[PDB]
Every structure is written in structure tokens, then in C-alpha cells.
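The chain below stands alone and is given in C-alpha cells; this is the form deposited without its partner chain.
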């Protein structure tokens, strides 16, 4: 068995302290081990992000504009969680695909069947006015050409919507398929437990102070680094059994999940962080129908 003792898990990209040459043979390995693992991946990251905003006092009273939300099954859990905590939030879920019917019938959640373009963003901005906007983007087109186009749309989302905070899908194109250098908003590169086995995707979390917008250039050399750091994390780290982690499941991803979940606010009072987390995890898995 592949055992190890860890203090904490890697929460952000910058923490990854080692790298490995990407082995293309990894692409043929099993990408997922849990049913609805993708909803789980999204749920934890977004619970993590939104709890932070709550902590900074910027969630309550906001309208969460989630673009690329469908099916959005896990979103029903997020909505219930904050709704039950007394946080006042309006959700606007926009995708050209259809949402899970469990999202219907909630006055606080508006489902829109539209593929957004810059012009549409302008109209919803004029229509949301003057509410404070929290943007979450998970739009998906593959090619580096597709990615760049997505990143370009996401930056137009921030410039038109002018949100107070944002969570953006972020996977750097592969160096061997480099097309051109580009800019992404500055933010924390949140790592994702339960991402596919060899995924290099993270979520870019940003909070917007002032009227400034800070971007950061991404070059092919950055792309080489992303590839090697993420390959190391996936191949080595995520394959560790954290034996000094006293928890029903000691696999790295649960250890990593524990650290995100410990930051979540509950109404119920618990005697230990461990009890809260077990509770939140049980709750999350039951909701998603994960054994």
C-alpha cells in the first residue's frame, strides 16, 4: 500500500513543491472512481469559494451568476446550504442546455436557457443592476483554440458583469499545443479534490477590490510548469494514503476534501472539526447519491 504522513494537503497550485515529466500513457488510465464524481468536484470547490465570500461578508445580498450551469444537480445542494443558513442570495443559472428539474420551483433561482455572448452579458448586466454580482463560470466548448476562446469569454464576463468575486474554470493549454500567450484574471489557483485522475484543471478564485482589474500573462513556459506540477500532484500525491489522517477514508482526496469542508459554516454545533466534516461529507454524498 502507498502510505504517507502529511500535515496538510496542497490547497493551491503554488504550493505544489515538485514536478514530473508528463507521461502521455496516463491518458489511458481510469479518470474516475466515484459515481457523479464531477458533481462532487464542483460542489466542493464552489462550497469552498462561496464560504470564503461569506467569511468576507460579500455573499449575502449577492446575485450568483453561474454560466455553464447545466445540468447543475449539485447546485441544488449549494443553494439549500446557504438558504438554510439564512444567507439571502439569488441564483441565475445560464446555459443553453437544460438544468436538472430539482432546480425548478425555487423563487430564488432563475434558470435561463441561453448560450451567453458579450451582448447578452450586457443585457443581463443592465437587467441585474444594481445588484452585486458573484460570477461562477464552468463553460465548456478540447483544442487550445477552444480554450483560448473560453478564457476570452470569461474575461469579458468579468469586464461586463463587473462582479465582486469570481470562480473561473482554469486549465492551462498543453505546451505542445501552444498557440499564443494570453492573460487570465489574477486569483488563487484552487486545487480540486475528486478532479479526474490526470486532470490539470483548477478553479481561479478572485475577489475584486476597487475599480481595477488585474490580469496575468500565461506563456508556454508557464504551460510547461502547469503540466509538470499537475502531473506530479496527480501521479504521486493524489495516490497517497495519508495514514496519520484519522478519518473513515484516508485517501489523499478525502484528506484534501476535509480541508475544504472544515471551512464551511453549519447551523448545527459540533464538538470537533472532525464531526462537522464527517457530517458535511455524509450529507454531500447522500445528496449526490454517492455510496
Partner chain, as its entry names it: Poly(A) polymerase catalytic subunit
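Numbering follows the first chain given and starts at 1.
Colleague: I'd like the number of residues from the deposited sequence that lie between residue 141 and residue 142 yet are not in the model, binned as none, 1 to 3, 4 to 9, or 10 or more.
Modeller: In the deposited sequence, 4 to 9 residues between these two have no coordinates.
Colleague: Which is higher on mean Cα B factor in this entry, 73 to 81 or 213 to 221?
Modeller: Of 73 to 81 and 213 to 221, the stretch with the higher C-alpha B-factor average is 213 to 221.
Colleague: In the PDB record, does 267 to 275 or 21 to 29 carry the higher mean Cα temperature factor?
Modeller: Going by the record's values, the stretch with the higher mean is 21 to 29.
Colleague: Just the C-alpha B-factor column, please: which of 39, 51, 244, 63 has the biggest number?
Modeller: Max CA B-factor in the entry, restricted to 39, 51, 244, 63: 244.
Colleague: Just to confirm, going by the entry's C-alpha B-factors, which of 176, 108, 201, 100 comes out highest?
Modeller: Among 176, 108, 201, 100, the PDB entry lists the largest C-alpha B-factor for 176.
Colleague: How does the C-alpha B factor of residue 182 compare with the rest of the chain: lowest, middle or highest third?
Modeller: CA B-factor rank for residue 182: highest third.
Colleague: Lowest, middle or highest third: which one holds residue 145 when the chain's residues are ordered by CA B-factor from the entry?
Modeller: Highest third.
Colleague: For residue 126, does the deposited CA B-factor place it in the lowest, middle or highest third of the chain?
Modeller: Top third by C-alpha B-factor.
Colleague: By the recorded C-alpha temperature factor, relative to the other modelled residues in its chain, which third is residue 170 in?
Modeller: Lowest third.
Colleague: Please rank the C-alpha B-factors of the chain's modelled residues and tell me whether residue 229 sits in the lowest, middle or highest third.
Modeller: For residue 229, whose C-alpha B-factor we compare with every modelled residue in the chain, the answer is the middle third.
Omitted from view is the form solved in complex with its partner chain, to which the following refers.
Colleague: Taking 4.5 angstroms as the heavy atom distance cut-off, pick the stretch from 37 to 45, 228 to 236, 54 to 62, 246 to 254 that is near its partner chain in the bound PDB entry.
Modeller: Only one stretch qualifies here: 54 to 62.
Colleague: Give a yes/no on whether residue 280 approaches its partner chain to within 4.5 Å in the bound PDB entry, heavy atoms considered.
Modeller: Judged by the heavy-atom cut-off of 4.5 Å, residue 280 is well away from its partner chain in the bound PDB entry.
Colleague: Residue 266: heavy atom within 4.5 Å of its partner chain in the bound PDB entry?
Modeller: Within the cut-off, so yes.
Colleague: Would you classify residue 112 as touching its partner chain in the bound PDB entry, given a 4.5 Å non-hydrogen atom cut-off?
Modeller: Contact check for residue 112: no, nothing within 4.5 Å of its partner chain in the bound PDB entry.
Colleague: Although its partner chain is absent from this view, report whether residue 132 comes within 4.5 Å of it in the bound PDB entry, heavy atoms only.
Modeller: Looking in the bound PDB entry, residue contacts with its partner chain include residue 132, since a heavy atom lies within 4.5 Å.
Colleague: Work out which of 153, 205, 139, 92 lies within 4.5 Å of its partner chain in the bound PDB entry, going by heavy atoms.
Modeller: If I apply the 4.5 Å criterion carefully, the residue I get is 205.
Colleague: Residue by residue through 214 to 251, which ones have a non-hydrogen atom no more than 4.5 angstroms from its partner chain in the bound PDB entry?
Modeller: Residue within 4.5 Å: 214 only.
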